[PDB]
Amino acid sequence: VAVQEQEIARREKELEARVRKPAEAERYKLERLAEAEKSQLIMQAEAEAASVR
Amino acid sequence: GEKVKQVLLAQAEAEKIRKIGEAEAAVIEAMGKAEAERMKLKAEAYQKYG
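One line per chain: the protein sequences are B and A, in this order.
Position one of the first sequence corresponds to residue 265 (the entry's author numbering), numbered consecutively onward.
Position one of the second sequence corresponds to residue 303 (the entry's author numbering), numbered consecutively onward.
What follows is the structure, encoded as structure tokens:
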């Protein structure tokens, strides 16, 4: 029982590094990569619009 | 991560439609003014036919 009372404190740290931290890193990646996709599409839109006018 | 991404790209699609819409309106307007000059000149010449 004492061994598993320490297994709790274990998983609480392992899960932070295995489950939480990478999901949080993925969120930051997705956000700053989305700004780049948007930036390229607005610049491309302006180019196509200028080419038409 | 899914929400912010979808919203940012939906704004890009809307920006494209608006920019293309404005460019098109400027062309349609300019083309109409040029075509009206043809109709006017053709009319002012035809009116003198014997």
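Note that CB positions come from ideal geometry on N, CA and C, so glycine has one too.
**Asked** Does the beta-carbon distance from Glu317(A) to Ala300(B) come in below 7 Å?
**Response** no
**Item:** Where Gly352(A) falls: helix, strand or coil (DSSP)
**Value:** coil
**Asked** Can you find a C-beta in chain B that's less than 7 Å from the C-beta of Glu317(A)?
**Response** yes
**Request:** Kindly indicate if chain E contains any beta-carbon less than 7 Å away from that of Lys321(A).
**Result:** The structure shown contains no chain E; the protein chains it does contain are B and A.
**Prompt:** Is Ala311(B) closer than 7 Å to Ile322(A) when the C-beta atoms are compared?
**Reply:** no
**Prompt:** With a Cβ-Cβ cutoff of 7 Å, do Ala325(A) and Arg317(B) count as a contact?
**Reply:** yes
**Message:** Out of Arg320(A), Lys305(A), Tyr348(A), which one is the CA nearest neighbour of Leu305(B)?
**Reply:** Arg320(A)
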